[PDB]
Amino acid sequence: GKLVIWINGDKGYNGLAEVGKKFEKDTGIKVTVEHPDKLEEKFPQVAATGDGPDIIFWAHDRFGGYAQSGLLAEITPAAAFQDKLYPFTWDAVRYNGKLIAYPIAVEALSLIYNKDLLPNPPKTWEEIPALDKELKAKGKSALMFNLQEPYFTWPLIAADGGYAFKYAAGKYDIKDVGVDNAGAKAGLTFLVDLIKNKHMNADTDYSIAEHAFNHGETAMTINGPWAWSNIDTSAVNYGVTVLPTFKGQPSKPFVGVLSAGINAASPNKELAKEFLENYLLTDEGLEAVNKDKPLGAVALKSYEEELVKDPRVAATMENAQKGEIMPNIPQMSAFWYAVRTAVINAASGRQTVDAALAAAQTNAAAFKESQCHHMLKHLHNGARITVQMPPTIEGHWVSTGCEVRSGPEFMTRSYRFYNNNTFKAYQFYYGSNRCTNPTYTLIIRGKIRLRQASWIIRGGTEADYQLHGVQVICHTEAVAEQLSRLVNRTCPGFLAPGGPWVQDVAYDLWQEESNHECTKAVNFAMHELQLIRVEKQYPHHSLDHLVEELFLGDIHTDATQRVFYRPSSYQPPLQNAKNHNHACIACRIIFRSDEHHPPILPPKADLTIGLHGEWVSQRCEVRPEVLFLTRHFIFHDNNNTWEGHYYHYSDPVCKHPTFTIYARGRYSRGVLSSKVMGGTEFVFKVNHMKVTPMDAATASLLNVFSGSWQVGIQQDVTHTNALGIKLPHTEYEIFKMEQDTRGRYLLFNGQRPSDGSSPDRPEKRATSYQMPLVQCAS
Ligand SMILES: OC[C@H]1O[C@H](O[C@H]2[C@H](O)[C@@H](O)[C@H](O)O[C@@H]2CO)[C@H](O)[C@@H](O)[C@@H]1O
Ligand SMILES: CCCCCCCCCCCCCCCC(=O)O
Ligand SMILES: *[C@@H]1O[C@H](CO)[C@@H](O)[C@H](O)[C@H]1NC(C)=O
Ligand SMILES: *[C@@H]1O[C@H](CO)[C@@H](O)[C@H](O)[C@H]1NC(C)=O
Ligand SMILES: *[C@@H]1O[C@H](CO)[C@@H](O)[C@H](O)[C@H]1NC(C)=O
Ligand SMILES: [Cl-]
């Protein structure tokens, strides 16, 4: 029942707050206006957890990334309202075909000069140096602007041909970057000259340059419309004009459109759209803000038709069309950080123009932290994870999505462990990989008592459990028929005569007070409860937003072996119903469900497999046979070749390496699976394999059971006439690709047979998957 707004402190917050009081007048809703430091990236963190302001104000360049992460709500404007604003302003706030924010103002930088000191402002950048020396004789300077933010330096960088990214037939091509172009080098090299010819100071930030121009110590500055207000109260005659040209071509400022976005987790979205559509985006509202600190050009054609008469706004628009309109694609944050570091370093002489800017082509589209090598060193997105020793399993634990057990068996879990040491577990089964159509549900009741740490599985806790009962409920009329029949064949006599099962009725499959049981029919076992591990992550170091993950024992890939299978690895984690990720919608749906009302998971569309690229593990993976490992895969779709790195460790946190395997080969794209809905079949050939021992124990064993092996030396295992390996080896694989909540792609490969054997025959292809790998940059 409130409205919180975040706006940068270089804009008119008090003006916006006054459009807010009129909201309080007509509707009685408080509007609170805050200008947090570095708000552009306070927003991604607080919003990801469900928190944050209701409305976020920023240029369009950063909103595409917010939307990709699911932080922005789609805005619902009437076509009548949409006509009020200019089409290009809407085009800037459009991501993936959806409108994601309300356009407010069009901003571009311009040349601001003191007419008293400089009645005729320079027309070219190259005449600035001589101009400097010979105002320098009067104890003044020619040009001073903020060199700490690349927004103020870009105009010069783009003049000769430096292009942030390439616009190709309606697309911005992140594979065509021009920060290391010859054109970019010229602009930065020129800037460096002035910084080295004592014409400009490397330290100069916004505050320093603003103080100088507004006190007449410099004759020129580069700034935006927001800056005009203070100069106006600086008793200094000043003019706004076109930016100096560089090497005959004009300075190209990056054009940004100030926009208001509605938090995807806002409880007051109708009020937010109400405040923006009918209070702010009005001739009265925009004026109230433009009086505080000028917005320059505006998106409302009504007000724009009037402001365009002010010559400052016209120069703003002249430079804007001389410039380029910022892309909203999510790679902008990495583009800005790379160009930022380039400028600060070359200005400081830390890196040669070419060298500093050379890195900008290696860091433009992706953060260094998104590269495969960093992700391997900092797992879980560099989260700290605290392991609960001894674990506490009390609470409600739910699945995070549509799990796949071997079979395939598409299912979700809902497990309640009580303080009396008793438990009620729901296993919901479905007919598809979307978990939208329940087939049958299992209700498992019994008792569980945690023991002590496992000496077999490092990081696991052993547990003892006892079943009291297993019941099954069929949710379709067909399932009741099929299962009753399957129960009949499997245990002839379990079903009394004329007892065809009916839907929505719980039937006993296992009672501890009887020797009559047919758990074999569904190949049921509950040995997952014998191995337990809890991992916590406290986001923002707070108990709230804490994510608790419960890891239970893994399921055998062969259903007939589950009764005897004695866990050595983990199932995918469950999350605590009270302490889960805000983006987990499945958690809540599963939490609010029961044996008679199964959880219906949100529909997501099957994605098409695009192996091209590099993929790495997200966590220290645990494979059957207590094997800790991470994986790095490189897929060449150009020649259908693949390389894989398997890094093995002895600890559940993957810090003590033991051995490393390198494999390379060829793969054949295959057919969509009919056995495993949502999966695509593949055949992989391993042609080459290299082994690197990483500890003395592995080197010793290799030397004993065998080119002598030593720690850290990679050795091919195929000589010309090791451990008995047989290369070439053929593998029949199953693959699926999905997208996580902030739009990163996940690659799932076939679960490795629980017995340790290989899928070396088509009938041995997996019907389940391993934990997903995430896409990374090289
Ligand atoms: O310098 C990189 C940043 O450029 C723009 O930030 C501008 C912004 O558009 C303007 O309203 C503000 O007041 O000035 C800053 C530059 O200091 C992008 O919008 C940012 O996302 C970039 O990081
Ligand atoms: C992924 C298909 C080929 C896998 C063969 C690579 C060399 C075999 C040694 C690694 C163990 C098998 C694990 C492969 C499964 C995977 O990690 O994707
Ligand atoms: C254990 O506690 C739960 C929660 O109060 C309750 O539903 C269940 O019946 C209890 N069982 C026993 C044996 O006390
Ligand atoms: C159970 O299976 C047996 C053998 O397949 C069959 O003869 C019998 O008819 C089945 N039960 C029913 C009631 O169909
Ligand atoms: C496949 O292509 C990659 C790069 O596209 C190259 O490095 C590799 O040598 C090629 N392999 C074969 C067998 O053509
Ligand atoms: Cl992709």
# chains A, B, ... in the order shown; residues from 1 in each chain; ligands from 1
>>> residues_near_ligand(ligand="ligand 5", cutoff="7 Å", atoms="only C-alpha atoms and all ligand atoms", output="list in words")
residues 636, 638, 639 and 641 of chain A
>>> residues_around(residues="segment 343-350 of chain A", least_positions_apart="6", cutoff="9 Å", atoms="only C-alpha atoms", output="JSON, numbers by chain")
{"A": [147, 148, 149, 150, 153, 188, 189, 191, 192, 195, 196, 201, 202, 203, 356, 357]}
>>> closest_atom_pairs(of="chain A", to="ligand 6", cutoff="12 Å", atoms="only C-alpha atoms and all ligand atoms", output="JSON lines")
{"residue": "A:607", "atom": "CA", "partner": "ligand 6", "partner_atom_place_in_ligand_line": "1 (Cl)", "distance": 9.8}
{"residue": "A:608", "atom": "CA", "partner": "ligand 6", "partner_atom_place_in_ligand_line": "1 (Cl)", "distance": 9.0}
{"residue": "A:609", "atom": "CA", "partner": "ligand 6", "partner_atom_place_in_ligand_line": "1 (Cl)", "distance": 7.7}
{"residue": "A:610", "atom": "CA", "partner": "ligand 6", "partner_atom_place_in_ligand_line": "1 (Cl)", "distance": 5.0}
{"residue": "A:611", "atom": "CA", "partner": "ligand 6", "partner_atom_place_in_ligand_line": "1 (Cl)", "distance": 6.8}
{"residue": "A:612", "atom": "CA", "partner": "ligand 6", "partner_atom_place_in_ligand_line": "1 (Cl)", "distance": 6.7}
{"residue": "A:613", "atom": "CA", "partner": "ligand 6", "partner_atom_place_in_ligand_line": "1 (Cl)", "distance": 7.5}
{"residue": "A:614", "atom": "CA", "partner": "ligand 6", "partner_atom_place_in_ligand_line": "1 (Cl)", "distance": 9.8}
{"residue": "A:615", "atom": "CA", "partner": "ligand 6", "partner_atom_place_in_ligand_line": "1 (Cl)", "distance": 10.3}
{"residue": "A:635", "atom": "CA", "partner": "ligand 6", "partner_atom_place_in_ligand_line": "1 (Cl)", "distance": 11.1}
{"residue": "A:637", "atom": "CA", "partner": "ligand 6", "partner_atom_place_in_ligand_line": "1 (Cl)", "distance": 11.4}
{"residue": "A:736", "atom": "CA", "partner": "ligand 6", "partner_atom_place_in_ligand_line": "1 (Cl)", "distance": 11.7}
{"residue": "A:737", "atom": "CA", "partner": "ligand 6", "partner_atom_place_in_ligand_line": "1 (Cl)", "distance": 8.6}
{"residue": "A:738", "atom": "CA", "partner": "ligand 6", "partner_atom_place_in_ligand_line": "1 (Cl)", "distance": 9.7}
{"residue": "A:739", "atom": "CA", "partner": "ligand 6", "partner_atom_place_in_ligand_line": "1 (Cl)", "distance": 9.7}
{"residue": "A:743", "atom": "CA", "partner": "ligand 6", "partner_atom_place_in_ligand_line": "1 (Cl)", "distance": 10.8}
{"residue": "A:744", "atom": "CA", "partner": "ligand 6", "partner_atom_place_in_ligand_line": "1 (Cl)", "distance": 9.1}
{"residue": "A:745", "atom": "CA", "partner": "ligand 6", "partner_atom_place_in_ligand_line": "1 (Cl)", "distance": 6.6}
{"residue": "A:746", "atom": "CA", "partner": "ligand 6", "partner_atom_place_in_ligand_line": "1 (Cl)", "distance": 9.0}
{"residue": "A:747", "atom": "CA", "partner": "ligand 6", "partner_atom_place_in_ligand_line": "1 (Cl)", "distance": 9.4}
{"residue": "A:774", "atom": "CA", "partner": "ligand 6", "partner_atom_place_in_ligand_line": "1 (Cl)", "distance": 10.4}
{"residue": "A:775", "atom": "CA", "partner": "ligand 6", "partner_atom_place_in_ligand_line": "1 (Cl)", "distance": 7.9}
{"residue": "A:776", "atom": "CA", "partner": "ligand 6", "partner_atom_place_in_ligand_line": "1 (Cl)", "distance": 10.5}
{"residue": "A:777", "atom": "CA", "partner": "ligand 6", "partner_atom_place_in_ligand_line": "1 (Cl)", "distance": 11.7}
>>> closest_atom_pairs(of="chain A", to="ligand 1", cutoff="6 Å", atoms="only C-alpha atoms and all ligand atoms", output="CSV")
residue,atom,partner,partner_atom_place_in_ligand_line,distance
A:10,CA,ligand 1,13 (O),5.6
A:59,CA,ligand 1,19 (O),4.7
A:61,CA,ligand 1,19 (O),5.6
A:62,CA,ligand 1,21 (O),5.4
A:149,CA,ligand 1,1 (O),4.2
A:150,CA,ligand 1,1 (O),4.2
A:151,CA,ligand 1,1 (O),3.6
A:256,CA,ligand 1,9 (O),5.5
A:336,CA,ligand 1,2 (C),5.4
>>> write_last_selection(atoms="N, CA, C and O atoms", output="tab-separated table (two decimals), in the first residue's frame")
chain	number	residue	atom	x	y	z
A	10	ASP	N	21.92	12.69	-9.24
A	10	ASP	CA	22.30	13.73	-10.18
A	10	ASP	C	21.09	14.23	-10.95
A	10	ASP	O	21.21	15.17	-11.75
A	59	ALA	N	18.82	4.94	-16.93
A	59	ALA	CA	18.88	4.92	-18.37
A	59	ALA	C	18.56	3.52	-18.89
A	59	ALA	O	18.73	2.52	-18.19
A	61	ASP	N	19.99	1.60	-20.80
A	61	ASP	CA	21.10	0.69	-21.08
A	61	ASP	C	21.17	-0.45	-20.07
A	61	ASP	O	21.63	-1.55	-20.41
A	62	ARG	N	20.76	-0.22	-18.82
A	62	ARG	CA	20.89	-1.23	-17.79
A	62	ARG	C	19.63	-2.06	-17.58
A	62	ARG	O	19.66	-3.02	-16.80
A	149	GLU	N	34.35	8.22	-15.38
A	149	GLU	CA	33.24	7.47	-15.92
A	149	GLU	C	33.34	7.44	-17.44
A	149	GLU	O	33.44	8.51	-18.07
A	150	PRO	N	33.32	6.26	-18.05
A	150	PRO	CA	33.55	6.17	-19.50
A	150	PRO	C	32.47	6.84	-20.33
A	150	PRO	O	32.67	7.02	-21.54
A	151	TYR	N	31.35	7.21	-19.71
A	151	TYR	CA	30.27	7.89	-20.43
A	151	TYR	C	30.75	9.24	-20.96
A	151	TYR	O	30.35	9.65	-22.06
A	256	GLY	N	21.17	8.01	-24.06
A	256	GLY	CA	20.46	7.23	-23.07
A	256	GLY	C	19.11	7.85	-22.79
A	256	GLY	O	18.98	9.07	-22.69
A	336	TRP	N	30.68	-1.54	-20.03
A	336	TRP	CA	31.04	-0.33	-19.30
A	336	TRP	C	32.22	-0.57	-18.35
A	336	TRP	O	33.10	0.28	-18.24
>>> atom_distance(atom1="atom CA of residue 92 of chain A", atom2="atom CA of residue 63 of chain A")
9.4 Å
>>> residues_near_ligand(ligand="ligand 2", cutoff="6 Å", atoms="only C-alpha atoms and all ligand atoms", output="CSV table (one decimal) with N, CA, C and O atoms, in the first residue's frame")
chain,number,residue,atom,x,y,z
A,663,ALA,N,39.8,-35.5,-22.4
A,663,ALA,CA,39.3,-36.4,-23.4
A,663,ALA,C,38.9,-35.5,-24.6
A,663,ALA,O,38.5,-34.3,-24.4
A,684,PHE,N,28.7,-40.2,-28.8
A,684,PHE,CA,30.0,-39.5,-28.6
A,684,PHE,C,31.1,-40.5,-28.8
A,684,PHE,O,31.0,-41.6,-28.2
A,686,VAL,N,35.1,-41.2,-28.0
A,686,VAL,CA,36.3,-40.7,-27.3
A,686,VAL,C,37.5,-41.3,-28.0
A,686,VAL,O,37.7,-42.5,-28.0
A,731,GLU,N,30.1,-43.8,-26.8
A,731,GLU,CA,29.1,-43.5,-25.7
A,731,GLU,C,27.8,-43.0,-26.2
A,731,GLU,O,27.8,-42.1,-27.1
A,749,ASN,N,23.7,-33.5,-19.1
A,749,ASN,CA,24.1,-34.7,-19.8
A,749,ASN,C,23.6,-35.9,-19.0
A,749,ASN,O,23.2,-35.8,-17.9
>>> residues_near_ligand(ligand="ligand 3", cutoff="10 Å", atoms="only C-alpha atoms and all ligand atoms", output="list in words")
residues 416, 417, 418, 419, 420, 421, 422, 423, 424, 446 and 447 of chain A
>>> closest_atom_pairs(of="chain A", to="ligand 4", cutoff="8 Å", atoms="only C-alpha atoms and all ligand atoms", output="Markdown table")
| residue | atom | partner | partner_atom_place_in_ligand_line | distance |
| --- | --- | --- | --- | --- |
| A:485 | CA | ligand 4 | 14 (O) | 6.6 |
| A:488 | CA | ligand 4 | 1 (C) | 4.7 |
| A:489 | CA | ligand 4 | 2 (O) | 4.6 |
| A:492 | CA | ligand 4 | 1 (C) | 6.1 |
| A:497 | CA | ligand 4 | 13 (C) | 6.3 |
| A:498 | CA | ligand 4 | 13 (C) | 6.7 |
| A:499 | CA | ligand 4 | 13 (C) | 7.7 |
| A:500 | CA | ligand 4 | 13 (C) | 7.5 |
>>> residues_around(residues="residue 206 of chain A", least_positions_apart="3", cutoff="6 Å", atoms="only C-alpha atoms", output="ChimeraX atom specification")
/A:146,209-210
>>> closest_atom_pairs(of="segment 312-425 of chain A", to="segment 670-683 of chain A", cutoff="12 Å", atoms="only C-alpha atoms", output="Markdown table")
| residue | atom | partner | partner_atom | distance |
| --- | --- | --- | --- | --- |
| A:402 | CA | A:678 | CA | 11.5 |
| A:404 | CA | A:676 | CA | 9.4 |
| A:405 | CA | A:676 | CA | 10.7 |
| A:406 | CA | A:676 | CA | 9.7 |
| A:407 | CA | A:676 | CA | 8.4 |
| A:408 | CA | A:676 | CA | 6.2 |
| A:409 | CA | A:676 | CA | 9.1 |
| A:410 | CA | A:677 | CA | 9.5 |
>>> write_last_selection(atoms="C-alpha atoms", output="PDB file, in the first residue's frame")
ATOM      1  CA  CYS A 402      10.497 -31.164 -12.297  1.00  0.00           C
ATOM      2  CA  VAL A 404      13.938 -36.791 -13.431  1.00  0.00           C
ATOM      3  CA  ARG A 405      14.662 -40.175 -11.877  1.00  0.00           C
ATOM      4  CA  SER A 406      15.811 -43.120 -13.967  1.00  0.00           C
ATOM      5  CA  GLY A 407      13.003 -44.739 -15.913  1.00  0.00           C
ATOM      6  CA  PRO A 408      12.344 -42.044 -16.832  1.00  0.00           C
ATOM      7  CA  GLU A 409      10.275 -40.991 -13.808  1.00  0.00           C
ATOM      8  CA  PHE A 410       9.249 -37.329 -13.823  1.00  0.00           C
TER       9      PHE A 410
END
>>> residues_around(residues="residue 602 of chain A", least_positions_apart="4", cutoff="9 Å", atoms="only C-alpha atoms", output="PyMOL selection string")
chain A and resi 434-436+585-586+589
>>> residues_around(residues="residue 107 of chain A", least_positions_apart="3", cutoff="8 Å", atoms="only C-alpha atoms", output="tab-separated table (two decimals) with N, CA and C atoms, in the first residue's frame")
chain	number	residue	atom	x	y	z
A	224	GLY	N	25.82	16.68	-19.05
A	224	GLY	CA	24.47	16.49	-19.54
A	224	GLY	C	23.49	17.51	-18.99
A	225	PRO	N	22.23	17.39	-19.40
A	225	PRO	CA	21.23	18.41	-18.99
A	225	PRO	C	21.08	18.54	-17.50
A	255	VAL	N	23.65	7.81	-26.50
A	255	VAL	CA	22.36	8.39	-26.13
A	255	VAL	C	21.65	7.45	-25.16
A	256	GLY	N	21.17	8.01	-24.06
A	256	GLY	CA	20.46	7.23	-23.07
A	256	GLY	C	19.11	7.85	-22.79
A	257	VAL	N	18.11	6.99	-22.62
A	257	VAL	CA	16.75	7.44	-22.35
A	257	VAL	C	16.42	7.04	-20.92
A	258	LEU	N	16.28	8.05	-20.07
A	258	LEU	CA	15.88	7.84	-18.69
A	258	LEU	C	14.53	7.14	-18.64
A	295	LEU	N	15.76	17.87	-17.27
A	295	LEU	CA	15.79	16.57	-17.94
A	295	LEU	C	16.26	16.69	-19.38
A	296	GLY	N	16.38	17.91	-19.90
A	296	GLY	CA	16.73	18.06	-21.30
A	296	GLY	C	15.55	17.69	-22.17
A	297	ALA	N	15.81	16.85	-23.17
A	297	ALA	CA	14.73	16.35	-24.00
A	297	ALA	C	13.91	15.34	-23.22
A	316	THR	N	21.41	19.39	-27.24
A	316	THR	CA	21.30	18.03	-26.73
A	316	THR	C	20.83	17.08	-27.82
A	320	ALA	N	22.79	14.20	-29.84
A	320	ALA	CA	22.15	12.89	-29.76
A	320	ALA	C	22.10	12.20	-31.12
>>> closest_residue(among="A:391, A:516, A:411, A:622", to="residue 532 of chain A", atoms="only C-alpha atoms")
A:391
>>> select_by_dssp(residues="segment 560-769 of chain A", states="helix (DSSP H, G or I)", output="list in words")
residues 560, 561, 585, 586, 587, 588, 589, 590, 591, 696, 697, 698, 699, 700, 701, 702, 703, 704, 762, 763 and 764 of chain A
>>> residues_around(residues="segment 275-287 of chain A", least_positions_apart="2", cutoff="9 Å", atoms="only C-alpha atoms", output="PyMOL selection string")
chain A and resi 3+15-16+18-20+22-23+77+81+102-105+260+270-273+289-292+294-295+298-300+302-303
>>> write_last_selection(atoms="C-alpha atoms", output="compact mmCIF listing (two decimals), in the first residue's frame")
# COMPACT_ATOMS: atom_id res chain seq x y z
CA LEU A 3 5.29 3.54 -3.34
CA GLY A 15 10.96 17.50 -8.11
CA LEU A 16 9.95 13.85 -8.43
CA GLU A 18 6.61 16.71 -5.42
CA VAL A 19 4.83 14.84 -8.20
CA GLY A 20 4.60 12.32 -5.36
CA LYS A 22 0.03 15.12 -5.54
CA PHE A 23 -0.27 11.33 -5.47
CA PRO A 77 0.31 0.91 -21.35
CA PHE A 81 -0.88 6.44 -23.81
CA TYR A 102 8.35 3.90 -18.99
CA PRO A 103 10.44 6.32 -21.09
CA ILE A 104 10.98 9.69 -19.38
CA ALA A 105 13.74 11.78 -20.98
CA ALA A 260 11.13 4.11 -14.93
CA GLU A 270 -1.13 -0.89 -10.43
CA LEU A 271 -0.28 2.12 -8.26
CA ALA A 272 3.17 2.37 -9.84
CA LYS A 273 1.71 2.40 -13.35
CA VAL A 289 11.19 17.61 -12.28
CA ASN A 290 12.74 19.69 -15.08
CA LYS A 291 12.61 22.67 -12.73
CA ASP A 292 14.63 20.87 -10.07
CA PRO A 294 16.73 19.80 -16.19
CA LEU A 295 15.79 16.57 -17.94
CA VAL A 298 11.67 14.42 -22.87
CA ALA A 299 9.67 11.45 -24.17
CA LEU A 300 6.27 13.17 -23.90
CA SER A 302 3.56 17.42 -25.60
CA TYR A 303 6.28 18.78 -23.36
>>> select_by_dssp(residues="segment 598-743 of chain A", states="strand (DSSP E)", output="ChimeraX atom specification")
/A:613-617,621-623,627-636,641-649,657-672,680-693,715-716,729-739
>>> closest_residue(among="A:653, A:587, A:111, A:525", to="residue 466 of chain A", atoms="only C-alpha atoms")
A:525
>>> residues_around(residues="residue 399 of chain A", least_positions_apart="3", cutoff="7 Å", atoms="only C-alpha atoms", output="list in words")
residues 412, 413, 414, 574, 575 and 587 of chain A
>>> write_last_selection(atoms="N, CA, C and O atoms", output="mmCIF file, in the first residue's frame")
data_model
loop_
_atom_site.group_PDB
_atom_site.id
_atom_site.type_symbol
_atom_site.label_atom_id
_atom_site.label_comp_id
_atom_site.auth_asym_id
_atom_site.auth_seq_id
_atom_site.Cartn_x
_atom_site.Cartn_y
_atom_site.Cartn_z
ATOM 1 N N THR A 412 8.285 -34.671 -8.463
ATOM 2 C CA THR A 412 8.662 -33.682 -7.463
ATOM 3 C C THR A 412 8.541 -34.328 -6.090
ATOM 4 O O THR A 412 7.820 -35.312 -5.907
ATOM 5 N N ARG A 413 9.242 -33.748 -5.120
ATOM 6 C CA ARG A 413 9.290 -34.257 -3.755
ATOM 7 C C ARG A 413 8.786 -33.192 -2.790
ATOM 8 O O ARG A 413 9.051 -32.001 -2.975
ATOM 9 N N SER A 414 8.080 -33.626 -1.743
ATOM 10 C CA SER A 414 7.643 -32.741 -0.652
ATOM 11 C C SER A 414 7.777 -33.522 0.655
ATOM 12 O O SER A 414 6.944 -34.383 0.959
ATOM 13 N N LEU A 574 16.955 -30.409 -2.246
ATOM 14 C CA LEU A 574 15.667 -29.844 -1.899
ATOM 15 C C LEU A 574 15.925 -28.523 -1.198
ATOM 16 O O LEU A 574 16.989 -28.318 -0.614
ATOM 17 N N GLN A 575 14.971 -27.610 -1.288
ATOM 18 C CA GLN A 575 15.095 -26.338 -0.598
ATOM 19 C C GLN A 575 14.048 -26.262 0.502
ATOM 20 O O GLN A 575 12.967 -26.850 0.394
ATOM 21 N N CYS A 587 8.913 -24.139 -5.710
ATOM 22 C CA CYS A 587 8.945 -24.388 -4.271
ATOM 23 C C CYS A 587 7.598 -24.076 -3.632
ATOM 24 O O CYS A 587 7.058 -24.883 -2.868
#
>>> closest_residue(among="A:552, A:39, A:450, A:376", to="residue 645 of chain A", atoms="only C-alpha atoms")
A:376
